[PDB]
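Undergrad: So here's my_file.txt, just compact mmCIF, N, CA and C atoms and all ligand atoms:
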# COMPACT_ATOMS: atom_id res chain seq x y z
N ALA M 1 17.80 19.91 7.72
CA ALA M 1 16.37 19.85 7.45
C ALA M 1 16.05 20.11 5.99
N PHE M 2 14.99 19.46 5.53
CA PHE M 2 14.43 19.89 4.25
C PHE M 2 13.29 20.86 4.57
N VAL M 3 12.84 21.63 3.60
CA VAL M 3 11.88 22.70 3.73
C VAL M 3 10.83 22.69 2.62
N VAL M 4 9.53 22.81 2.90
CA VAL M 4 8.51 22.96 1.86
C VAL M 4 8.40 24.44 1.49
N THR M 5 8.37 24.77 0.19
CA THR M 5 8.35 26.19 -0.18
C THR M 5 7.10 26.55 -0.97
N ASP M 6 7.07 27.72 -1.60
CA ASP M 6 5.82 28.29 -2.10
C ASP M 6 4.94 27.43 -2.98
N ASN M 7 5.45 26.65 -3.92
CA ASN M 7 4.53 26.03 -4.88
C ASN M 7 3.66 24.95 -4.26
N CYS M 8 3.91 24.54 -3.02
CA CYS M 8 3.07 23.54 -2.35
C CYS M 8 1.68 24.14 -2.09
N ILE M 9 1.69 25.45 -1.85
CA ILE M 9 0.43 26.09 -1.41
C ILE M 9 -0.65 26.03 -2.48
N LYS M 10 -1.85 25.62 -2.10
CA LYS M 10 -3.02 25.45 -2.98
C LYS M 10 -2.83 24.28 -3.95
N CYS M 11 -1.77 23.50 -3.78
CA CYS M 11 -1.63 22.22 -4.47
C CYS M 11 -1.72 21.08 -3.45
N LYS M 12 -0.73 21.01 -2.56
CA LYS M 12 -0.75 20.06 -1.45
C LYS M 12 -1.05 18.63 -1.89
N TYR M 13 -0.20 18.11 -2.77
CA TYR M 13 -0.39 16.78 -3.35
C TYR M 13 -0.31 15.66 -2.31
N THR M 14 0.57 15.77 -1.34
CA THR M 14 0.86 14.94 -0.18
C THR M 14 1.62 13.66 -0.54
N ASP M 15 2.14 13.62 -1.76
CA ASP M 15 2.99 12.52 -2.21
C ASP M 15 4.26 12.42 -1.39
N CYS M 16 4.63 13.52 -0.75
CA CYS M 16 5.87 13.58 0.02
C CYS M 16 5.85 12.79 1.31
N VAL M 17 4.69 12.62 1.95
CA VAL M 17 4.65 12.01 3.28
C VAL M 17 4.89 10.50 3.28
N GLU M 18 4.55 9.85 2.19
CA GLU M 18 4.58 8.40 2.06
C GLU M 18 6.00 7.85 2.13
N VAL M 19 6.99 8.71 1.88
CA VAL M 19 8.36 8.19 1.83
C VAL M 19 9.17 8.65 3.03
N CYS M 20 8.50 9.42 3.89
CA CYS M 20 9.21 10.00 5.02
C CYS M 20 9.42 9.01 6.14
N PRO M 21 10.65 8.57 6.37
CA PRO M 21 10.78 7.43 7.27
C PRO M 21 10.50 7.85 8.70
N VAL M 22 10.62 9.15 8.98
CA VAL M 22 10.45 9.66 10.34
C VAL M 22 9.12 10.40 10.52
N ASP M 23 8.27 10.46 9.49
CA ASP M 23 6.97 11.09 9.69
C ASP M 23 7.09 12.50 10.22
N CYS M 24 7.89 13.36 9.59
CA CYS M 24 7.98 14.69 10.17
C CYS M 24 7.27 15.74 9.31
N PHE M 25 6.22 15.35 8.60
CA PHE M 25 5.40 16.30 7.85
C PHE M 25 4.19 16.75 8.68
N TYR M 26 3.89 18.05 8.64
CA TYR M 26 2.81 18.59 9.46
C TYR M 26 1.86 19.39 8.58
N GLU M 27 0.56 19.28 8.89
CA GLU M 27 -0.49 19.57 7.93
C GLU M 27 -1.32 20.83 8.19
N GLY M 28 -1.28 21.73 7.23
CA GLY M 28 -2.15 22.89 7.22
C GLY M 28 -3.28 22.73 6.22
N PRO M 29 -4.28 23.59 6.34
CA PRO M 29 -5.43 23.55 5.43
C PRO M 29 -5.04 23.49 3.96
N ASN M 30 -3.99 24.19 3.55
CA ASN M 30 -3.66 24.20 2.13
C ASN M 30 -2.15 24.15 1.90
N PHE M 31 -1.38 23.61 2.83
CA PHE M 31 0.08 23.63 2.73
C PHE M 31 0.62 22.55 3.68
N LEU M 32 1.84 22.07 3.46
CA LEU M 32 2.46 21.14 4.40
C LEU M 32 3.80 21.71 4.85
N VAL M 33 4.26 21.39 6.05
CA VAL M 33 5.61 21.77 6.42
C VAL M 33 6.37 20.58 6.99
N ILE M 34 7.69 20.79 7.04
CA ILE M 34 8.65 19.82 7.56
C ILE M 34 9.20 20.31 8.90
N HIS M 35 9.08 19.45 9.90
CA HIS M 35 9.66 19.76 11.20
C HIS M 35 11.17 19.57 11.18
N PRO M 36 11.90 20.68 11.28
CA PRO M 36 13.35 20.64 11.07
C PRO M 36 14.09 19.89 12.16
N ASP M 37 13.52 19.75 13.36
CA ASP M 37 14.26 18.97 14.36
C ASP M 37 14.15 17.46 14.13
N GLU M 38 13.05 17.00 13.55
CA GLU M 38 12.76 15.59 13.38
C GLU M 38 13.27 15.06 12.05
N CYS M 39 13.35 15.94 11.06
CA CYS M 39 13.79 15.61 9.70
C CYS M 39 15.24 15.12 9.73
N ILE M 40 15.54 14.01 9.03
CA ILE M 40 16.90 13.50 9.14
C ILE M 40 17.68 13.68 7.85
N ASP M 41 17.17 14.55 6.98
CA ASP M 41 17.84 14.88 5.73
C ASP M 41 18.06 13.69 4.82
N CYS M 42 17.13 12.72 4.79
CA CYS M 42 17.30 11.56 3.93
C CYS M 42 17.09 11.91 2.45
N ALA M 43 16.43 13.02 2.19
CA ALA M 43 16.14 13.62 0.89
C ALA M 43 15.11 12.87 0.07
N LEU M 44 14.52 11.83 0.63
CA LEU M 44 13.63 11.00 -0.18
C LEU M 44 12.36 11.71 -0.61
N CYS M 45 11.92 12.71 0.16
CA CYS M 45 10.67 13.37 -0.21
C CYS M 45 10.83 14.29 -1.42
N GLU M 46 12.04 14.77 -1.66
CA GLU M 46 12.27 15.79 -2.69
C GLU M 46 11.80 15.38 -4.07
N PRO M 47 12.18 14.22 -4.58
CA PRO M 47 11.72 13.85 -5.92
C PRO M 47 10.25 13.46 -5.93
N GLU M 48 9.63 13.28 -4.77
CA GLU M 48 8.23 12.85 -4.78
C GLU M 48 7.25 14.00 -5.01
N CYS M 49 7.71 15.23 -4.81
CA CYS M 49 6.79 16.37 -4.92
C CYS M 49 6.60 16.86 -6.35
N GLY M 50 5.43 16.67 -6.94
CA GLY M 50 5.19 17.11 -8.31
C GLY M 50 5.26 18.61 -8.45
N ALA M 51 5.19 19.35 -7.35
CA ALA M 51 5.22 20.81 -7.49
C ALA M 51 6.66 21.30 -7.33
N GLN M 52 7.55 20.33 -7.13
CA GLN M 52 8.96 20.63 -6.93
C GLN M 52 9.21 21.70 -5.88
N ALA M 53 8.40 21.67 -4.84
CA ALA M 53 8.34 22.61 -3.74
C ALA M 53 9.34 22.33 -2.62
N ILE M 54 9.91 21.12 -2.62
CA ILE M 54 10.76 20.77 -1.48
C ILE M 54 12.23 20.99 -1.82
N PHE M 55 12.98 21.62 -0.92
CA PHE M 55 14.40 21.86 -1.02
C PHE M 55 15.15 21.49 0.26
N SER M 56 16.40 21.06 0.14
CA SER M 56 17.31 21.05 1.26
C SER M 56 17.41 22.48 1.79
N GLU M 57 17.53 22.65 3.10
CA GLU M 57 17.59 24.02 3.62
C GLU M 57 18.66 24.84 2.92
N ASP M 58 19.86 24.28 2.72
CA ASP M 58 20.85 25.11 2.01
C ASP M 58 20.59 25.25 0.52
N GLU M 59 19.56 24.67 -0.09
CA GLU M 59 19.30 24.97 -1.50
C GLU M 59 17.99 25.74 -1.67
N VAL M 60 17.39 26.23 -0.58
CA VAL M 60 16.18 27.03 -0.76
C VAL M 60 16.45 28.26 -1.60
N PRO M 61 15.74 28.54 -2.69
CA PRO M 61 15.99 29.77 -3.46
C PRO M 61 15.99 31.01 -2.58
N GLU M 62 16.81 31.97 -2.98
CA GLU M 62 16.95 33.22 -2.25
C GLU M 62 15.58 33.85 -2.00
N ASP M 63 14.69 33.79 -2.99
CA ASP M 63 13.42 34.50 -2.90
C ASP M 63 12.38 33.72 -2.10
N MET M 64 12.81 32.65 -1.43
CA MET M 64 11.87 31.87 -0.61
C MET M 64 12.47 31.55 0.75
N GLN M 65 13.53 32.26 1.14
CA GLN M 65 14.17 31.97 2.42
C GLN M 65 13.23 32.02 3.61
N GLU M 66 12.18 32.84 3.52
CA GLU M 66 11.22 32.98 4.62
C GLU M 66 10.60 31.63 4.96
N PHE M 67 10.53 30.76 3.94
CA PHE M 67 9.92 29.45 4.18
C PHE M 67 10.71 28.61 5.16
N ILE M 68 11.98 28.93 5.41
CA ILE M 68 12.75 28.05 6.30
C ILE M 68 12.18 28.21 7.70
N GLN M 69 12.11 29.46 8.18
CA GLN M 69 11.63 29.51 9.57
C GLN M 69 10.13 29.27 9.55
N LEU M 70 9.47 29.56 8.42
CA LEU M 70 8.02 29.33 8.45
C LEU M 70 7.73 27.85 8.69
N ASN M 71 8.52 26.96 8.10
CA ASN M 71 8.31 25.53 8.34
C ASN M 71 8.48 25.21 9.82
N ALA M 72 9.58 25.76 10.36
CA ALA M 72 9.86 25.50 11.77
C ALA M 72 8.70 25.98 12.65
N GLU M 73 8.17 27.17 12.41
CA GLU M 73 7.10 27.76 13.20
C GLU M 73 5.80 26.99 13.08
N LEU M 74 5.41 26.71 11.83
CA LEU M 74 4.13 26.01 11.71
C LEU M 74 4.25 24.55 12.10
N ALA M 75 5.44 23.95 12.02
CA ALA M 75 5.53 22.53 12.38
C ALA M 75 5.23 22.35 13.86
N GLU M 76 5.36 23.42 14.64
CA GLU M 76 5.06 23.31 16.07
C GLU M 76 3.56 23.35 16.37
N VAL M 77 2.71 23.76 15.44
CA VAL M 77 1.31 24.06 15.73
C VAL M 77 0.32 23.31 14.85
N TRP M 78 0.79 22.64 13.81
CA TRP M 78 -0.07 21.89 12.90
C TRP M 78 -0.02 20.41 13.25
N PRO M 79 -1.08 19.67 12.96
CA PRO M 79 -1.10 18.23 13.24
C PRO M 79 -0.25 17.42 12.27
N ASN M 80 0.36 16.35 12.75
CA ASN M 80 1.17 15.46 11.94
C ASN M 80 0.34 14.84 10.82
N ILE M 81 0.92 14.64 9.65
CA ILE M 81 0.23 13.93 8.57
C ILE M 81 1.20 12.85 8.06
N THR M 82 0.69 11.61 8.04
CA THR M 82 1.57 10.50 7.70
C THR M 82 1.03 9.66 6.56
N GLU M 83 -0.14 10.05 6.08
CA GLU M 83 -0.74 9.31 4.98
C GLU M 83 -1.13 10.21 3.82
N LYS M 84 -0.88 9.76 2.60
CA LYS M 84 -1.31 10.43 1.39
C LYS M 84 -2.82 10.65 1.34
N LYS M 85 -3.18 11.83 0.84
CA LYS M 85 -4.57 12.14 0.57
C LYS M 85 -4.72 12.80 -0.80
N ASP M 86 -5.97 13.00 -1.21
CA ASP M 86 -6.18 13.56 -2.55
C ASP M 86 -5.61 14.97 -2.58
N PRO M 87 -4.95 15.39 -3.65
CA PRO M 87 -4.51 16.78 -3.76
C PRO M 87 -5.69 17.73 -3.62
N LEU M 88 -5.38 19.01 -3.40
CA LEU M 88 -6.44 20.00 -3.30
C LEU M 88 -7.15 20.12 -4.64
N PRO M 89 -8.42 20.52 -4.59
CA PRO M 89 -9.13 20.70 -5.86
C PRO M 89 -8.45 21.81 -6.65
N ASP M 90 -8.43 21.62 -7.96
CA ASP M 90 -7.78 22.64 -8.77
C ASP M 90 -6.29 22.75 -8.45
N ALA M 91 -5.64 21.79 -7.80
CA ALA M 91 -4.18 21.87 -7.66
C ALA M 91 -3.44 22.14 -8.97
N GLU M 92 -3.80 21.50 -10.08
CA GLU M 92 -3.12 21.77 -11.36
C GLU M 92 -3.16 23.23 -11.76
N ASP M 93 -4.27 23.91 -11.54
CA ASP M 93 -4.37 25.33 -11.87
C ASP M 93 -3.37 26.18 -11.08
N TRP M 94 -3.01 25.78 -9.87
CA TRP M 94 -2.15 26.61 -9.03
C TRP M 94 -0.69 26.17 -9.07
N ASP M 95 -0.42 25.05 -9.73
CA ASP M 95 0.95 24.54 -9.79
C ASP M 95 1.81 25.42 -10.67
N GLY M 96 2.80 26.15 -10.17
CA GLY M 96 3.53 27.00 -11.12
C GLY M 96 3.17 28.46 -10.96
N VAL M 97 2.06 28.76 -10.30
CA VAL M 97 1.72 30.15 -10.00
C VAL M 97 2.63 30.67 -8.91
N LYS M 98 3.15 31.88 -9.10
CA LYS M 98 4.13 32.34 -8.12
C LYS M 98 3.49 33.13 -6.99
N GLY M 99 4.25 33.35 -5.92
CA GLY M 99 3.89 34.11 -4.74
C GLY M 99 2.64 33.62 -4.03
N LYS M 100 2.46 32.30 -3.95
CA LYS M 100 1.23 31.79 -3.36
C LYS M 100 1.23 31.95 -1.84
N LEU M 101 2.34 32.42 -1.28
CA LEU M 101 2.41 32.68 0.15
C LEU M 101 1.26 33.58 0.59
N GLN M 102 0.86 34.50 -0.28
CA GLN M 102 -0.24 35.41 0.00
C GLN M 102 -1.56 34.65 0.20
N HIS M 103 -1.63 33.40 -0.24
CA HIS M 103 -2.81 32.55 -0.10
C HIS M 103 -2.69 31.56 1.06
N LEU M 104 -1.56 31.48 1.74
CA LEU M 104 -1.35 30.53 2.83
C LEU M 104 -2.41 30.62 3.92
N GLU M 105 -3.04 29.51 4.27
CA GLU M 105 -4.07 29.52 5.31
C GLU M 105 -3.57 28.93 6.60
N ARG M 106 -3.83 29.53 7.76
CA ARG M 106 -3.34 28.85 8.95
C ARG M 106 -4.36 27.89 9.55
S1 LIG M 201 14.21 14.69 3.92
FE1 LIG M 201 13.60 12.65 4.68
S2 LIG M 201 13.19 12.91 6.91
FE2 LIG M 201 13.22 14.98 6.00
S3 LIG M 201 11.12 15.54 5.49
FE3 LIG M 201 12.04 14.62 3.63
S4 LIG M 201 11.49 12.44 3.77
FE4 LIG M 201 11.23 13.21 5.84
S1 LIG M 202 2.89 19.90 -2.98
FE1 LIG M 202 3.20 19.97 -0.85
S2 LIG M 202 2.09 18.27 0.13
FE2 LIG M 202 4.08 17.39 -0.36
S3 LIG M 202 3.99 16.48 -2.39
FE3 LIG M 202 4.62 18.64 -2.67
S4 LIG M 202 5.34 19.32 -0.63
Just dump the structure as C-alpha cells.

TA:
Amino acid sequence: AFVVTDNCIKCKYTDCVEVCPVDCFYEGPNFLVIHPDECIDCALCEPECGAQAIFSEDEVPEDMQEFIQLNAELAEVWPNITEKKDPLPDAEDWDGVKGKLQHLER
C-alpha cells in the first residue's frame, strides 16, 4: 500500500486521484487517505502530489508512522473520491508546515 502523510492536511490538492487506476482514494474534509487493501502499489500517485505527502508504506518517515494505520482506519469510513477538485483555500500557506495532524478533521 501507499500512504498519505502529514503535509496533505489543510492542502488536499487532489492531484493524486486522477492517476489512480483502482480509485482507492477516500475523502475527508481536509485530508485524503489510501485504502491499503485496494491499492495495488502502482506508485503513480506519488509524483503527482505537490505536497510530497505520499509514500510507499515501507518508506513512510519514522516520525509519521501513525499515518499508516490512520489511512487504513479512515479509508473504511470516508467516501471514495475519484475526481480532482480545487485545492483547499490557503493550501500554499500550509504546504510545508509541520505537525498538521493536530488539524486533521474527521
Ligand atoms: S499507488 Fe497506485 S493504486 Fe495505490 S493509491 Fe497510488 S495510484 Fe492508487
Ligand atoms: S495533498 Fe493530499 S489530496 Fe492528494 S495530491 Fe497530495 S495526497

Undergrad: List as a PyMOL selection string the protein and nucleic acid residues near residue 51 in chain M, meaning an atom at most 8 Å away when all atoms listed in the file are counted, but skip any in the same chain fewer than 5 places from it.

TA: chain M and resi 6-8+11-13+95-96

Undergrad: Distance limit 8 Å, reference ligand LIG 201 (chain M), atoms considered: only C-alpha atoms and all ligand atoms. Which residues make the cut? Give them as number ranges by chain.

TA: M: 1-3, 16-17, 19-25, 34-36, 38-46, 56

Undergrad: Counting only C-alpha atoms, what is within 12 Å of range 30-32 of chain M, bar same-chain residues fewer than 5 positions away, as a VMD selection string?

TA: chain M and resid 3 to 17 24 to 25 49 51 53 to 54 67 70 to 75 77 to 82 84 86 to 91 94 100 to 106

Undergrad: Between M:48, M:58, M:27, M:18, which has the minimum distance to ligand LIG 202 (chain M) (counting all atoms listed in the file)?

TA: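 Closest to ligand LIG 202 (chain M) of all the choices is M:48.
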
Undergrad: Pick from M:57, M:50, M:29, M:37: nearest to ligand LIG 202 (chain M), with all atoms listed in the file counted?

TA: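 Smallest separation from ligand LIG 202 (chain M) among the options: M:50.
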
Undergrad: Hey, can you check how far CA of residue 68 in chain M sits from atom FE1 of ligand LIG 202 (chain M)?

TA: 14.4 Å

Undergrad: So the first atom is CA of residue 76 in chain M and the second is CA of residue 26 in chain M; what is the distance between them in Å, to one decimal place?

TA: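 So the answer is 8.4 Å.
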
Undergrad: Just the number, please: distance in Å from atom C of residue 85 in chain M to atom N of residue 60 in chain M, one decimal.

TA: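 The value is 25.9 Å.
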
Undergrad: To test your reading of the structure, identify every residue in chain M that backbone DSSP assigns to strand (DSSP E), and report it as a list in words.

TA: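 Filtering chain M to strand (DSSP E) leaves residues 2, 3, 4, 25, 26, 27, 28, 31, 32, 33, 34, 54, 55 and 56 of chain M.
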
Undergrad: I need the residues in chain M that are helix (DSSP H, G or I) according to DSSP; give them as a PDB file with N, CA and C atoms, in the frame of the given file.

TA:
ATOM      1  N   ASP M   6       7.070  27.720  -1.600  1.00  0.00           N
ATOM      2  CA  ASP M   6       5.820  28.290  -2.100  1.00  0.00           C
ATOM      3  C   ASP M   6       4.940  27.430  -2.980  1.00  0.00           C
ATOM      4  N   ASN M   7       5.450  26.650  -3.920  1.00  0.00           N
ATOM      5  CA  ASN M   7       4.530  26.030  -4.880  1.00  0.00           C
ATOM      6  C   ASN M   7       3.660  24.950  -4.260  1.00  0.00           C
ATOM      7  N   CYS M   8       3.910  24.540  -3.020  1.00  0.00           N
ATOM      8  CA  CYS M   8       3.070  23.540  -2.350  1.00  0.00           C
ATOM      9  C   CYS M   8       1.680  24.140  -2.090  1.00  0.00           C
ATOM     10  N   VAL M  17       4.690  12.620   1.950  1.00  0.00           N
ATOM     11  CA  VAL M  17       4.650  12.010   3.280  1.00  0.00           C
ATOM     12  C   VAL M  17       4.890  10.500   3.280  1.00  0.00           C
ATOM     13  N   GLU M  18       4.550   9.850   2.190  1.00  0.00           N
ATOM     14  CA  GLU M  18       4.580   8.400   2.060  1.00  0.00           C
ATOM     15  C   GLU M  18       6.000   7.850   2.130  1.00  0.00           C
ATOM     16  N   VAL M  19       6.990   8.710   1.880  1.00  0.00           N
ATOM     17  CA  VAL M  19       8.360   8.190   1.830  1.00  0.00           C
ATOM     18  C   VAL M  19       9.170   8.650   3.030  1.00  0.00           C
ATOM     19  N   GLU M  46      12.040  14.770  -1.660  1.00  0.00           N
ATOM     20  CA  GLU M  46      12.270  15.790  -2.690  1.00  0.00           C
ATOM     21  C   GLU M  46      11.800  15.380  -4.070  1.00  0.00           C
ATOM     22  N   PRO M  47      12.180  14.220  -4.580  1.00  0.00           N
ATOM     23  CA  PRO M  47      11.720  13.850  -5.920  1.00  0.00           C
ATOM     24  C   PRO M  47      10.250  13.460  -5.930  1.00  0.00           C
ATOM     25  N   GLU M  48       9.630  13.280  -4.770  1.00  0.00           N
ATOM     26  CA  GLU M  48       8.230  12.850  -4.780  1.00  0.00           C
ATOM     27  C   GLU M  48       7.250  14.000  -5.010  1.00  0.00           C
ATOM     28  N   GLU M  57      17.530  22.650   3.100  1.00  0.00           N
ATOM     29  CA  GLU M  57      17.590  24.020   3.620  1.00  0.00           C
ATOM     30  C   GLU M  57      18.660  24.840   2.920  1.00  0.00           C
ATOM     31  N   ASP M  58      19.860  24.280   2.720  1.00  0.00           N
ATOM     32  CA  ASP M  58      20.850  25.110   2.010  1.00  0.00           C
ATOM     33  C   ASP M  58      20.590  25.250   0.520  1.00  0.00           C
ATOM     34  N   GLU M  59      19.560  24.670  -0.090  1.00  0.00           N
ATOM     35  CA  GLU M  59      19.300  24.970  -1.500  1.00  0.00           C
ATOM     36  C   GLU M  59      17.990  25.740  -1.670  1.00  0.00           C
ATOM     37  N   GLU M  62      16.810  31.970  -2.980  1.00  0.00           N
ATOM     38  CA  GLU M  62      16.950  33.220  -2.250  1.00  0.00           C
ATOM     39  C   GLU M  62      15.580  33.850  -2.000  1.00  0.00           C
ATOM     40  N   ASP M  63      14.690  33.790  -2.990  1.00  0.00           N
ATOM     41  CA  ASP M  63      13.420  34.500  -2.900  1.00  0.00           C
ATOM     42  C   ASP M  63      12.380  33.720  -2.100  1.00  0.00           C
ATOM     43  N   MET M  64      12.810  32.650  -1.430  1.00  0.00           N
ATOM     44  CA  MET M  64      11.870  31.870  -0.610  1.00  0.00           C
ATOM     45  C   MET M  64      12.470  31.550   0.750  1.00  0.00           C
ATOM     46  N   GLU M  66      12.180  32.840   3.520  1.00  0.00           N
ATOM     47  CA  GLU M  66      11.220  32.980   4.620  1.00  0.00           C
ATOM     48  C   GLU M  66      10.600  31.630   4.960  1.00  0.00           C
ATOM     49  N   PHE M  67      10.530  30.760   3.940  1.00  0.00           N
ATOM     50  CA  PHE M  67       9.920  29.450   4.180  1.00  0.00           C
ATOM     51  C   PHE M  67      10.710  28.610   5.160  1.00  0.00           C
ATOM     52  N   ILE M  68      11.980  28.930   5.410  1.00  0.00           N
ATOM     53  CA  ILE M  68      12.750  28.050   6.300  1.00  0.00           C
ATOM     54  C   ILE M  68      12.180  28.210   7.700  1.00  0.00           C
ATOM     55  N   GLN M  69      12.110  29.460   8.180  1.00  0.00           N
ATOM     56  CA  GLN M  69      11.630  29.510   9.570  1.00  0.00           C
ATOM     57  C   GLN M  69      10.130  29.270   9.550  1.00  0.00           C
ATOM     58  N   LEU M  70       9.470  29.560   8.420  1.00  0.00           N
ATOM     59  CA  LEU M  70       8.020  29.330   8.450  1.00  0.00           C
ATOM     60  C   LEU M  70       7.730  27.850   8.690  1.00  0.00           C
ATOM     61  N   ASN M  71       8.520  26.960   8.100  1.00  0.00           N
ATOM     62  CA  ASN M  71       8.310  25.530   8.340  1.00  0.00           C
ATOM     63  C   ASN M  71       8.480  25.210   9.820  1.00  0.00           C
ATOM     64  N   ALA M  72       9.580  25.760  10.360  1.00  0.00           N
ATOM     65  CA  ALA M  72       9.860  25.500  11.770  1.00  0.00           C
ATOM     66  C   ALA M  72       8.700  25.980  12.650  1.00  0.00           C
ATOM     67  N   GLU M  73       8.170  27.170  12.410  1.00  0.00           N
ATOM     68  CA  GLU M  73       7.100  27.760  13.200  1.00  0.00           C
ATOM     69  C   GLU M  73       5.800  26.990  13.080  1.00  0.00           C
ATOM     70  N   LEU M  74       5.410  26.710  11.830  1.00  0.00           N
ATOM     71  CA  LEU M  74       4.130  26.010  11.710  1.00  0.00           C
ATOM     72  C   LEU M  74       4.250  24.550  12.100  1.00  0.00           C
ATOM     73  N   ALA M  75       5.440  23.950  12.020  1.00  0.00           N
ATOM     74  CA  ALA M  75       5.530  22.530  12.380  1.00  0.00           C
ATOM     75  C   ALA M  75       5.230  22.350  13.860  1.00  0.00           C
ATOM     76  N   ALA M  91      -5.640  21.790  -7.800  1.00  0.00           N
ATOM     77  CA  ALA M  91      -4.180  21.870  -7.660  1.00  0.00           C
ATOM     78  C   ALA M  91      -3.440  22.140  -8.970  1.00  0.00           C
ATOM     79  N   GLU M  92      -3.800  21.500 -10.080  1.00  0.00           N
ATOM     80  CA  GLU M  92      -3.120  21.770 -11.360  1.00  0.00           C
ATOM     81  C   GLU M  92      -3.160  23.230 -11.760  1.00  0.00           C
ATOM     82  N   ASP M  93      -4.270  23.910 -11.540  1.00  0.00           N
ATOM     83  CA  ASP M  93      -4.370  25.330 -11.870  1.00  0.00           C
ATOM     84  C   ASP M  93      -3.370  26.180 -11.080  1.00  0.00           C
ATOM     85  N   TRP M  94      -3.010  25.780  -9.870  1.00  0.00           N
ATOM     86  CA  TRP M  94      -2.150  26.610  -9.030  1.00  0.00           C
ATOM     87  C   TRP M  94      -0.690  26.170  -9.070  1.00  0.00           C
ATOM     88  N   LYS M 100       2.460  32.300  -3.950  1.00  0.00           N
ATOM     89  CA  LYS M 100       1.230  31.790  -3.360  1.00  0.00           C
ATOM     90  C   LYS M 100       1.230  31.950  -1.840  1.00  0.00           C
ATOM     91  N   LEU M 101       2.340  32.420  -1.280  1.00  0.00           N
ATOM     92  CA  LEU M 101       2.410  32.680   0.150  1.00  0.00           C
ATOM     93  C   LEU M 101       1.260  33.580   0.590  1.00  0.00           C
ATOM     94  N   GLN M 102       0.860  34.500  -0.280  1.00  0.00           N
ATOM     95  CA  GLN M 102      -0.240  35.410   0.000  1.00  0.00           C
ATOM     96  C   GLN M 102      -1.560  34.650   0.200  1.00  0.00           C
ATOM     97  N   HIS M 103      -1.630  33.400  -0.240  1.00  0.00           N
ATOM     98  CA  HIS M 103      -2.810  32.550  -0.100  1.00  0.00           C
ATOM     99  C   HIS M 103      -2.690  31.560   1.060  1.00  0.00           C
TER     100      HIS M 103
END

Undergrad: Give me range 60-71 of chain M with N, CA, C and O atoms filled in, as a short mmCIF file (atom, residue, chain, number, x, y, z; two decimals), in the frame of the given file.

TA:
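Result file result_9.cif:
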data_model
loop_
_atom_site.label_atom_id
_atom_site.label_comp_id
_atom_site.auth_asym_id
_atom_site.auth_seq_id
_atom_site.Cartn_x
_atom_site.Cartn_y
_atom_site.Cartn_z
N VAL M 60 17.39 26.23 -0.58
CA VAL M 60 16.18 27.03 -0.76
C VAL M 60 16.45 28.26 -1.60
O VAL M 60 17.38 28.99 -1.23
N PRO M 61 15.74 28.54 -2.69
CA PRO M 61 15.99 29.77 -3.46
C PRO M 61 15.99 31.01 -2.58
O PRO M 61 15.30 31.10 -1.58
N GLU M 62 16.81 31.97 -2.98
CA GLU M 62 16.95 33.22 -2.25
C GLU M 62 15.58 33.85 -2.00
O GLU M 62 15.38 34.39 -0.92
N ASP M 63 14.69 33.79 -2.99
CA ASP M 63 13.42 34.50 -2.90
C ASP M 63 12.38 33.72 -2.10
O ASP M 63 11.19 34.05 -2.07
N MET M 64 12.81 32.65 -1.43
CA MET M 64 11.87 31.87 -0.61
C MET M 64 12.47 31.55 0.75
O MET M 64 11.99 30.67 1.46
N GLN M 65 13.53 32.26 1.14
CA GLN M 65 14.17 31.97 2.42
C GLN M 65 13.23 32.02 3.61
O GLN M 65 13.41 31.34 4.63
N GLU M 66 12.18 32.84 3.52
CA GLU M 66 11.22 32.98 4.62
C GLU M 66 10.60 31.63 4.96
O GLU M 66 10.18 31.34 6.08
N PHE M 67 10.53 30.76 3.94
CA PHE M 67 9.92 29.45 4.18
C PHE M 67 10.71 28.61 5.16
O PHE M 67 10.17 27.64 5.71
N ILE M 68 11.98 28.93 5.41
CA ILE M 68 12.75 28.05 6.30
C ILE M 68 12.18 28.21 7.70
O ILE M 68 11.76 27.30 8.41
N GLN M 69 12.11 29.46 8.18
CA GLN M 69 11.63 29.51 9.57
C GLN M 69 10.13 29.27 9.55
O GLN M 69 9.58 28.83 10.56
N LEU M 70 9.47 29.56 8.42
CA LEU M 70 8.02 29.33 8.45
C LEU M 70 7.73 27.85 8.69
O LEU M 70 6.78 27.50 9.39
N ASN M 71 8.52 26.96 8.10
CA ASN M 71 8.31 25.53 8.34
C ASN M 71 8.48 25.21 9.82
O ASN M 71 7.70 24.52 10.48
#
